[PDB]
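Structure data follow from final.pdb (PDB, N, CA and C atoms):
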```pdb
ATOM      1  N   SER A 392     -11.961  -5.508  17.520
ATOM      2  CA  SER A 392     -12.194  -6.874  17.070
ATOM      3  C   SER A 392     -10.870  -7.599  16.876
ATOM      4  N   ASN A 393     -10.865  -8.897  17.171
ATOM      5  CA  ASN A 393      -9.680  -9.715  16.958
ATOM      6  C   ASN A 393      -9.671 -10.278  15.544
ATOM      7  N   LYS A 394      -8.476 -10.474  14.996
ATOM      8  CA  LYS A 394      -8.288 -11.265  13.789
ATOM      9  C   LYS A 394      -7.646 -12.582  14.192
ATOM     10  N   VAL A 395      -8.083 -13.674  13.572
ATOM     11  CA  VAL A 395      -7.677 -15.014  13.977
ATOM     12  C   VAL A 395      -7.087 -15.740  12.778
ATOM     13  N   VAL A 396      -5.845 -16.194  12.920
ATOM     14  CA  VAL A 396      -5.250 -17.184  12.029
ATOM     15  C   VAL A 396      -4.896 -18.390  12.886
ATOM     16  N   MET A 397      -5.299 -19.573  12.439
ATOM     17  CA  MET A 397      -5.248 -20.760  13.274
ATOM     18  C   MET A 397      -5.075 -21.999  12.413
ATOM     19  N   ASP A 398      -4.624 -23.077  13.049
ATOM     20  CA  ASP A 398      -4.678 -24.371  12.395
ATOM     21  C   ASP A 398      -6.129 -24.721  12.091
ATOM     22  N   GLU A 399      -6.316 -25.570  11.080
ATOM     23  CA  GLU A 399      -7.662 -25.803  10.569
ATOM     24  C   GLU A 399      -8.577 -26.394  11.638
ATOM     25  N   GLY A 400      -8.021 -27.160  12.572
ATOM     26  CA  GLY A 400      -8.822 -27.753  13.626
ATOM     27  C   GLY A 400      -8.582 -27.181  15.004
ATOM     28  N   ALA A 401      -8.362 -25.871  15.077
ATOM     29  CA  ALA A 401      -8.085 -25.248  16.364
ATOM     30  C   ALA A 401      -9.285 -25.330  17.297
ATOM     31  N   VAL A 402     -10.487 -25.096  16.777
ATOM     32  CA  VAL A 402     -11.691 -24.995  17.593
ATOM     33  C   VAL A 402     -12.734 -25.968  17.059
ATOM     34  N   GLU A 403     -13.451 -26.625  17.975
ATOM     35  CA  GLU A 403     -14.500 -27.555  17.572
ATOM     36  C   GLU A 403     -15.710 -26.819  17.008
ATOM     37  N   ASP A 404     -16.162 -25.773  17.694
ATOM     38  CA  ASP A 404     -17.330 -24.996  17.289
ATOM     39  C   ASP A 404     -16.846 -23.665  16.733
ATOM     40  N   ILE A 405     -16.898 -23.520  15.410
ATOM     41  CA  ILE A 405     -16.348 -22.323  14.786
ATOM     42  C   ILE A 405     -17.312 -21.150  14.921
ATOM     43  N   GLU A 406     -18.613 -21.425  15.037
ATOM     44  CA  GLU A 406     -19.576 -20.335  15.180
ATOM     45  C   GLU A 406     -19.440 -19.641  16.529
ATOM     46  N   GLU A 407     -19.390 -20.417  17.611
ATOM     47  CA  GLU A 407     -19.220 -19.813  18.926
ATOM     48  C   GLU A 407     -17.840 -19.195  19.071
ATOM     49  N   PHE A 408     -16.824 -19.807  18.464
ATOM     50  CA  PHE A 408     -15.527 -19.148  18.410
ATOM     51  C   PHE A 408     -15.649 -17.789  17.741
ATOM     52  N   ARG A 409     -16.307 -17.742  16.583
ATOM     53  CA  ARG A 409     -16.471 -16.488  15.858
ATOM     54  C   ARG A 409     -17.164 -15.441  16.716
ATOM     55  N   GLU A 410     -18.186 -15.846  17.466
ATOM     56  CA  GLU A 410     -18.939 -14.868  18.245
ATOM     57  C   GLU A 410     -18.178 -14.410  19.490
ATOM     58  N   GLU A 411     -17.552 -15.336  20.219
ATOM     59  CA  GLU A 411     -17.005 -15.035  21.541
ATOM     60  C   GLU A 411     -15.588 -14.471  21.539
ATOM     61  N   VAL A 412     -14.878 -14.461  20.409
ATOM     62  CA  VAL A 412     -13.481 -14.027  20.443
ATOM     63  C   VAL A 412     -13.370 -12.586  20.928
ATOM     64  N   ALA A 413     -14.236 -11.702  20.430
ATOM     65  CA  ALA A 413     -14.146 -10.299  20.818
ATOM     66  C   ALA A 413     -14.573 -10.087  22.266
ATOM     67  N   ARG A 414     -15.273 -11.053  22.848
ATOM     68  CA  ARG A 414     -15.773 -10.893  24.205
ATOM     69  C   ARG A 414     -14.617 -10.898  25.198
ATOM     70  N   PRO A 415     -14.491  -9.876  26.046
ATOM     71  CA  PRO A 415     -13.422  -9.892  27.056
ATOM     72  C   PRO A 415     -13.646 -10.907  28.161
ATOM     73  N   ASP A 416     -14.838 -11.490  28.255
ATOM     74  CA  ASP A 416     -15.161 -12.443  29.306
ATOM     75  C   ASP A 416     -15.326 -13.865  28.796
ATOM     76  N   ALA A 417     -15.068 -14.111  27.517
ATOM     77  CA  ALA A 417     -15.383 -15.406  26.938
ATOM     78  C   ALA A 417     -14.414 -16.480  27.412
ATOM     79  N   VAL A 418     -14.918 -17.708  27.483
ATOM     80  CA  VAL A 418     -14.107 -18.890  27.740
ATOM     81  C   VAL A 418     -14.010 -19.664  26.435
ATOM     82  N   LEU A 419     -12.788 -19.854  25.951
ATOM     83  CA  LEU A 419     -12.541 -20.493  24.667
ATOM     84  C   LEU A 419     -11.794 -21.798  24.889
ATOM     85  N   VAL A 420     -12.221 -22.845  24.193
ATOM     86  CA  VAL A 420     -11.572 -24.147  24.250
ATOM     87  C   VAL A 420     -10.974 -24.451  22.885
ATOM     88  N   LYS A 421      -9.735 -24.930  22.877
ATOM     89  CA  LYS A 421      -9.034 -25.264  21.650
ATOM     90  C   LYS A 421      -8.426 -26.655  21.764
ATOM     91  N   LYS A 422      -8.207 -27.282  20.612
ATOM     92  CA  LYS A 422      -7.625 -28.612  20.592
ATOM     93  C   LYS A 422      -6.148 -28.544  20.979
ATOM     94  N   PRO A 423      -5.595 -29.630  21.528
ATOM     95  CA  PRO A 423      -4.212 -29.568  22.036
ATOM     96  C   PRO A 423      -3.174 -29.205  20.988
ATOM     97  N   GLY A 424      -3.084 -29.969  19.902
ATOM     98  CA  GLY A 424      -2.015 -29.809  18.939
ATOM     99  C   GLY A 424      -2.228 -28.769  17.863
ATOM    100  N   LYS A 425      -3.304 -27.992  17.921
ATOM    101  CA  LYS A 425      -3.613 -27.001  16.899
ATOM    102  C   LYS A 425      -3.440 -25.614  17.509
ATOM    103  N   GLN A 426      -2.589 -24.796  16.894
ATOM    104  CA  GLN A 426      -2.221 -23.519  17.491
ATOM    105  C   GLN A 426      -3.259 -22.446  17.175
ATOM    106  N   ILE A 427      -3.383 -21.478  18.078
ATOM    107  CA  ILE A 427      -4.266 -20.327  17.924
ATOM    108  C   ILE A 427      -3.418 -19.065  17.957
ATOM    109  N   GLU A 428      -3.616 -18.193  16.975
ATOM    110  CA  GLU A 428      -2.979 -16.883  16.948
ATOM    111  C   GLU A 428      -4.056 -15.810  16.879
ATOM    112  N   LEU A 429      -4.513 -15.353  18.040
ATOM    113  CA  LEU A 429      -5.378 -14.189  18.134
ATOM    114  C   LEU A 429      -4.526 -12.933  18.026
ATOM    115  N   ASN A 430      -5.181 -11.807  17.739
ATOM    116  CA  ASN A 430      -4.493 -10.529  17.569
ATOM    117  C   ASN A 430      -3.405 -10.636  16.504
ATOM    118  N   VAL A 431      -3.812 -11.038  15.298
ATOM    119  CA  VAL A 431      -2.857 -11.183  14.202
ATOM    120  C   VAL A 431      -2.226  -9.839  13.870
ATOM    121  N   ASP A 432      -3.039  -8.788  13.820
ATOM    122  CA  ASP A 432      -2.561  -7.450  13.499
ATOM    123  C   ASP A 432      -3.091  -6.444  14.512
ATOM    124  N   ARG A 433      -2.200  -5.947  15.367
ATOM    125  CA  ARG A 433      -2.529  -4.875  16.297
ATOM    126  C   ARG A 433      -1.653  -3.643  16.163
ATOM    127  N   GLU A 434      -0.428  -3.765  15.649
ATOM    128  CA  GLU A 434       0.363  -2.580  15.352
ATOM    129  C   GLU A 434      -0.259  -1.747  14.239
ATOM    130  N   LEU A 435      -1.179  -2.329  13.464
ATOM    131  CA  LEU A 435      -1.886  -1.560  12.449
ATOM    132  C   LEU A 435      -2.733  -0.456  13.064
ATOM    133  N   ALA A 436      -3.333  -0.705  14.229
ATOM    134  CA  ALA A 436      -4.119   0.337  14.880
ATOM    135  C   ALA A 436      -3.247   1.522  15.273
ATOM    136  N   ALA A 437      -2.072   1.251  15.844
ATOM    137  CA  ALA A 437      -1.151   2.332  16.177
ATOM    138  C   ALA A 437      -0.671   3.045  14.923
ATOM    139  N   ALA A 438      -0.419   2.292  13.850
ATOM    140  CA  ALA A 438      -0.001   2.913  12.599
ATOM    141  C   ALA A 438      -1.082   3.832  12.049
ATOM    142  N   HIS A 439      -2.344   3.410  12.125
ATOM    143  CA  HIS A 439      -3.432   4.238  11.618
ATOM    144  C   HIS A 439      -3.649   5.467  12.491
ATOM    145  N   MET A 440      -3.487   5.327  13.808
ATOM    146  CA  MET A 440      -3.581   6.501  14.670
ATOM    147  C   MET A 440      -2.450   7.484  14.382
TER     148      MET A 440
ATOM    149  N   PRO B 343      -3.465  55.318 -32.087
ATOM    150  CA  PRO B 343      -3.698  56.747 -31.828
ATOM    151  C   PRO B 343      -2.885  57.282 -30.663
ATOM    152  N   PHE B 344      -2.453  56.415 -29.750
ATOM    153  CA  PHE B 344      -1.767  56.877 -28.551
ATOM    154  C   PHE B 344      -0.369  57.388 -28.881
ATOM    155  N   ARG B 345       0.037  58.449 -28.178
ATOM    156  CA  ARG B 345       1.336  59.061 -28.438
ATOM    157  C   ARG B 345       2.478  58.116 -28.090
ATOM    158  N   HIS B 346       2.350  57.375 -26.992
ATOM    159  CA  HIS B 346       3.404  56.451 -26.595
ATOM    160  C   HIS B 346       3.528  55.324 -27.612
ATOM    161  N   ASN B 347       4.761  55.048 -28.031
ATOM    162  CA  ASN B 347       5.019  54.067 -29.084
ATOM    163  C   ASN B 347       5.351  52.699 -28.485
ATOM    164  N   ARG B 348       4.406  52.181 -27.706
ATOM    165  CA  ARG B 348       4.518  50.842 -27.153
ATOM    166  C   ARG B 348       3.123  50.272 -26.941
ATOM    167  N   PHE B 349       3.050  48.947 -26.886
ATOM    168  CA  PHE B 349       1.769  48.274 -26.746
ATOM    169  C   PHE B 349       1.166  48.542 -25.373
ATOM    170  N   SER B 350      -0.166  48.501 -25.314
ATOM    171  CA  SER B 350      -0.859  48.748 -24.054
ATOM    172  C   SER B 350      -0.518  47.684 -23.018
ATOM    173  N   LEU B 351      -0.437  46.426 -23.438
ATOM    174  CA  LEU B 351      -0.205  45.337 -22.501
ATOM    175  C   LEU B 351       1.237  45.351 -22.009
ATOM    176  N   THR B 352       1.404  45.387 -20.688
ATOM    177  CA  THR B 352       2.711  45.335 -20.056
ATOM    178  C   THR B 352       2.874  44.018 -19.321
ATOM    179  N   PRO B 353       3.870  43.214 -19.664
ATOM    180  CA  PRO B 353       4.027  41.919 -18.996
ATOM    181  C   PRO B 353       4.801  42.025 -17.695
ATOM    182  N   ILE B 354       4.174  41.649 -16.584
ATOM    183  CA  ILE B 354       4.870  41.531 -15.309
ATOM    184  C   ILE B 354       5.608  40.201 -15.336
ATOM    185  N   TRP B 355       6.926  40.259 -15.484
ATOM    186  CA  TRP B 355       7.722  39.059 -15.695
ATOM    187  C   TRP B 355       7.869  38.286 -14.387
ATOM    188  N   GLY B 356       8.385  37.068 -14.497
ATOM    189  CA  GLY B 356       8.659  36.219 -13.356
ATOM    190  C   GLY B 356       9.971  35.498 -13.578
ATOM    191  N   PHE B 357      10.075  34.244 -13.150
ATOM    192  CA  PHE B 357      11.258  33.471 -13.496
ATOM    193  C   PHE B 357      11.261  33.169 -14.988
ATOM    194  N   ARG B 358      12.362  33.512 -15.647
ATOM    195  CA  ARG B 358      12.499  33.344 -17.085
ATOM    196  C   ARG B 358      13.577  32.309 -17.368
ATOM    197  N   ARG B 359      13.220  31.286 -18.141
ATOM    198  CA  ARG B 359      14.161  30.228 -18.482
ATOM    199  C   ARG B 359      15.326  30.786 -19.287
ATOM    200  N   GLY B 360      16.541  30.387 -18.909
ATOM    201  CA  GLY B 360      17.719  30.918 -19.575
ATOM    202  C   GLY B 360      17.853  30.458 -21.016
ATOM    203  N   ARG B 361      17.530  29.191 -21.282
ATOM    204  CA  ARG B 361      17.759  28.632 -22.611
ATOM    205  C   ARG B 361      16.830  29.243 -23.652
ATOM    206  N   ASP B 362      15.530  29.294 -23.362
ATOM    207  CA  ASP B 362      14.538  29.699 -24.348
ATOM    208  C   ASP B 362      13.900  31.049 -24.050
ATOM    209  N   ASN B 363      14.317  31.730 -22.982
ATOM    210  CA  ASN B 363      13.734  33.013 -22.584
ATOM    211  C   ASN B 363      12.223  32.890 -22.401
ATOM    212  N   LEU B 364      11.790  31.743 -21.888
ATOM    213  CA  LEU B 364      10.382  31.463 -21.671
ATOM    214  C   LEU B 364      10.042  31.611 -20.200
ATOM    215  N   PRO B 365       9.101  32.485 -19.848
ATOM    216  CA  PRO B 365       8.769  32.679 -18.433
ATOM    217  C   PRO B 365       8.161  31.428 -17.821
ATOM    218  N   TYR B 366       8.476  31.202 -16.548
ATOM    219  CA  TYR B 366       7.893  30.121 -15.769
ATOM    220  C   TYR B 366       7.667  30.603 -14.345
ATOM    221  N   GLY B 367       6.662  30.036 -13.688
ATOM    222  CA  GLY B 367       6.272  30.489 -12.371
ATOM    223  C   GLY B 367       7.150  29.934 -11.268
ATOM    224  N   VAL B 368       6.767  30.268 -10.035
ATOM    225  CA  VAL B 368       7.490  29.780  -8.865
ATOM    226  C   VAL B 368       7.334  28.271  -8.735
ATOM    227  N   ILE B 369       6.253  27.730  -9.292
ATOM    228  CA  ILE B 369       5.742  26.413  -8.930
ATOM    229  C   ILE B 369       6.703  25.272  -9.247
ATOM    230  N   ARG B 370       7.298  25.269 -10.443
ATOM    231  CA  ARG B 370       7.849  24.058 -11.059
ATOM    232  C   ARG B 370       8.521  23.074 -10.093
ATOM    233  N   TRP B 371       9.508  23.549  -9.333
ATOM    234  CA  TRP B 371      10.195  22.667  -8.391
ATOM    235  C   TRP B 371       9.257  22.211  -7.278
ATOM    236  N   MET B 372       8.468  23.142  -6.741
ATOM    237  CA  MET B 372       7.447  22.784  -5.767
ATOM    238  C   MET B 372       6.515  21.727  -6.345
ATOM    239  N   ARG B 373       6.215  21.845  -7.639
ATOM    240  CA  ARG B 373       5.329  20.926  -8.341
ATOM    241  C   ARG B 373       5.885  19.509  -8.354
ATOM    242  N   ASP B 374       7.147  19.359  -8.755
ATOM    243  CA  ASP B 374       7.694  18.009  -8.855
ATOM    244  C   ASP B 374       7.834  17.381  -7.472
ATOM    245  N   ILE B 375       8.298  18.158  -6.489
ATOM    246  CA  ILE B 375       8.392  17.583  -5.148
ATOM    247  C   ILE B 375       7.005  17.255  -4.605
ATOM    248  N   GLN B 376       5.997  18.056  -4.957
ATOM    249  CA  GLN B 376       4.642  17.808  -4.478
ATOM    250  C   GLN B 376       4.068  16.527  -5.062
ATOM    251  N   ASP B 377       4.299  16.282  -6.353
ATOM    252  CA  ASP B 377       3.802  15.038  -6.929
ATOM    253  C   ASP B 377       4.512  13.844  -6.305
ATOM    254  N   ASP B 378       5.811  13.988  -6.016
ATOM    255  CA  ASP B 378       6.509  12.925  -5.296
ATOM    256  C   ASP B 378       5.896  12.690  -3.919
ATOM    257  N   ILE B 379       5.540  13.767  -3.217
ATOM    258  CA  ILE B 379       4.923  13.635  -1.898
ATOM    259  C   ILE B 379       3.602  12.887  -2.000
ATOM    260  N   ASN B 380       2.798  13.226  -3.009
ATOM    261  CA  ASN B 380       1.520  12.546  -3.190
ATOM    262  C   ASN B 380       1.722  11.060  -3.462
ATOM    263  N   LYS B 381       2.719  10.724  -4.285
ATOM    264  CA  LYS B 381       3.017   9.316  -4.530
ATOM    265  C   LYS B 381       3.422   8.609  -3.244
ATOM    266  N   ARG B 382       4.240   9.265  -2.416
ATOM    267  CA  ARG B 382       4.646   8.655  -1.153
ATOM    268  C   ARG B 382       3.442   8.417  -0.252
ATOM    269  N   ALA B 383       2.522   9.382  -0.204
ATOM    270  CA  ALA B 383       1.322   9.226   0.612
ATOM    271  C   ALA B 383       0.497   8.036   0.153
ATOM    272  N   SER B 384       0.245   7.943  -1.154
ATOM    273  CA  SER B 384      -0.547   6.832  -1.667
ATOM    274  C   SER B 384       0.130   5.500  -1.377
ATOM    275  N   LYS B 385       1.444   5.423  -1.608
ATOM    276  CA  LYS B 385       2.164   4.174  -1.387
ATOM    277  C   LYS B 385       2.100   3.741   0.071
ATOM    278  N   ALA B 386       2.392   4.654   1.000
ATOM    279  CA  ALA B 386       2.410   4.274   2.408
ATOM    280  C   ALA B 386       1.019   3.911   2.906
ATOM    281  N   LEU B 387      -0.002   4.668   2.491
ATOM    282  CA  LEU B 387      -1.358   4.341   2.913
ATOM    283  C   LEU B 387      -1.771   2.969   2.402
ATOM    284  N   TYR B 388      -1.426   2.650   1.150
ATOM    285  CA  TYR B 388      -1.743   1.328   0.628
ATOM    286  C   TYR B 388      -1.011   0.240   1.397
ATOM    287  N   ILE B 389       0.272   0.458   1.692
ATOM    288  CA  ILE B 389       1.054  -0.561   2.385
ATOM    289  C   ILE B 389       0.476  -0.832   3.766
ATOM    290  N   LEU B 390       0.062   0.218   4.476
ATOM    291  CA  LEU B 390      -0.557   0.003   5.780
ATOM    292  C   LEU B 390      -1.912  -0.682   5.647
ATOM    293  N   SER B 391      -2.674  -0.338   4.607
ATOM    294  CA  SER B 391      -4.032  -0.860   4.497
ATOM    295  C   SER B 391      -4.051  -2.349   4.163
TER     296      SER B 391
END
```

Mind converting the file's structure to structure tokens?
Amino acid sequence: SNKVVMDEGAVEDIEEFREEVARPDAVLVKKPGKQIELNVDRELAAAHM
Amino acid sequence: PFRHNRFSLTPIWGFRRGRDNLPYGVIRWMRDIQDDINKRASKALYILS
């Protein structure tokens, strides 16, 4: 699963964003001036392994 | 009643403290380093979590 930290207006539809982020085939639309940071923490998985 | 003039109980000695002549086991140093190890484990696991 992805963790998402973003500007408050990154995505118009937050529900579909919430559902489709983990999807490897999803098409995501974001507003121009609002940044998206998917995969906030992934070195944690290697640390736990 | 026994002919031998000593108590029945024979103490199998171990490490004996020099100051107080008080016996102590092998553990003590292993004990302190072990508690330190446990603290390190808890701290690192919390930091990762």

Which residues of chain A have any atom within 8 Å of an atom in chain B when counting only N, CA and C atoms, and what is the closest pair of atoms for each, with the distance in Å to one decimal? Order the rows by chain and rising number and write it as CSV.
```
residue,atom,partner,partner_atom,distance
A:435,CA,B:390,C,6.9
A:438,C,B:390,CA,7.4
A:439,N,B:390,CA,7.4
```

Grab the residues selected above and save them as an mmCIF file, in the frame of the given file with N, CA and C atoms.
```cif
data_model
loop_
_atom_site.group_PDB
_atom_site.id
_atom_site.type_symbol
_atom_site.label_atom_id
_atom_site.label_comp_id
_atom_site.auth_asym_id
_atom_site.auth_seq_id
_atom_site.Cartn_x
_atom_site.Cartn_y
_atom_site.Cartn_z
ATOM 1 N N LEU A 435 -1.179 -2.329 13.464
ATOM 2 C CA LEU A 435 -1.886 -1.560 12.449
ATOM 3 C C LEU A 435 -2.733 -0.456 13.064
ATOM 4 N N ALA A 438 -0.419 2.292 13.850
ATOM 5 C CA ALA A 438 -0.001 2.913 12.599
ATOM 6 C C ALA A 438 -1.082 3.832 12.049
ATOM 7 N N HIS A 439 -2.344 3.410 12.125
ATOM 8 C CA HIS A 439 -3.432 4.238 11.618
ATOM 9 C C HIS A 439 -3.649 5.467 12.491
#
```

Selection: 8 Å around range 402-414 of chain A, only N, CA and C atoms, excl. self and same-chain fewer than 3 positions, as JSON, numbers by chain: {"A": [392, 393, 394, 397, 398, 399, 417, 418, 419, 420, 421, 422, 425, 426, 427]}

What is the distance between atom C of residue 388 in chain B and atom C of residue 430 in chain A, in Å to one decimal? 18.8 Å

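Running DSSP on the backbone and keeping only strand (DSSP E or B), the residues of chain A that qualify are residues 395, 396, 397, 427, 428 and 429 of chain A.
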
Carefully work through the PyMOL selection byres (((chain B and resi 368 and name CA) around 12) and name CA) for this structure and note down the residues it includes, as a ChimeraX atom specification. /B:355-359,365-367,369-374

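Put simply, atom N of residue 380 in chain B is 20.9 Å away from atom C of residue 437 in chain A.
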
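The spacing separating atom C of residue 384 in chain B from atom N of residue 432 in chain A amounts to 21.1 Å.
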
Residue set, chain B restricted to helix (DSSP H, G or I), as a PyMOL selection string: chain B and resi 369-390

Using the atoms already present, construct N, CA, C and O atoms for range 420-431 of chain A and hand them back as a compact mmCIF listing (two decimals), in the coordinates of the input.
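Contents of rebuild.txt, as written:
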```
# COMPACT_ATOMS: atom_id res chain seq x y z
N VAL A 420 -12.22 -22.84 24.19
CA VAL A 420 -11.57 -24.15 24.25
C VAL A 420 -10.97 -24.45 22.88
O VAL A 420 -11.61 -24.22 21.85
N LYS A 421 -9.74 -24.93 22.88
CA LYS A 421 -9.03 -25.26 21.65
C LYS A 421 -8.43 -26.66 21.76
O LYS A 421 -8.17 -27.15 22.86
N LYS A 422 -8.21 -27.28 20.61
CA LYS A 422 -7.62 -28.61 20.59
C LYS A 422 -6.15 -28.54 20.98
O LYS A 422 -5.50 -27.51 20.80
N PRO A 423 -5.60 -29.63 21.53
CA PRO A 423 -4.21 -29.57 22.04
C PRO A 423 -3.17 -29.20 20.99
O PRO A 423 -2.45 -28.22 21.16
N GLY A 424 -3.08 -29.97 19.90
CA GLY A 424 -2.02 -29.81 18.94
C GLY A 424 -2.23 -28.77 17.86
O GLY A 424 -1.39 -28.66 16.96
N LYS A 425 -3.30 -27.99 17.92
CA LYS A 425 -3.61 -27.00 16.90
C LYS A 425 -3.44 -25.61 17.51
O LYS A 425 -4.07 -25.29 18.52
N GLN A 426 -2.59 -24.80 16.89
CA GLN A 426 -2.22 -23.52 17.49
C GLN A 426 -3.26 -22.45 17.18
O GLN A 426 -3.94 -22.50 16.15
N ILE A 427 -3.38 -21.48 18.08
CA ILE A 427 -4.27 -20.33 17.92
C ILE A 427 -3.42 -19.07 17.96
O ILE A 427 -2.59 -18.89 18.86
N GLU A 428 -3.62 -18.19 16.98
CA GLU A 428 -2.98 -16.88 16.95
C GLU A 428 -4.06 -15.81 16.88
O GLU A 428 -4.47 -15.41 15.79
N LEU A 429 -4.51 -15.35 18.04
CA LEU A 429 -5.38 -14.19 18.13
C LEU A 429 -4.53 -12.93 18.03
O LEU A 429 -3.31 -12.98 18.20
N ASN A 430 -5.18 -11.81 17.74
CA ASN A 430 -4.49 -10.53 17.57
C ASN A 430 -3.40 -10.64 16.50
O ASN A 430 -2.23 -10.38 16.76
N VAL A 431 -3.81 -11.04 15.30
CA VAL A 431 -2.86 -11.18 14.20
C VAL A 431 -2.23 -9.84 13.87
O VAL A 431 -1.01 -9.74 13.66
```
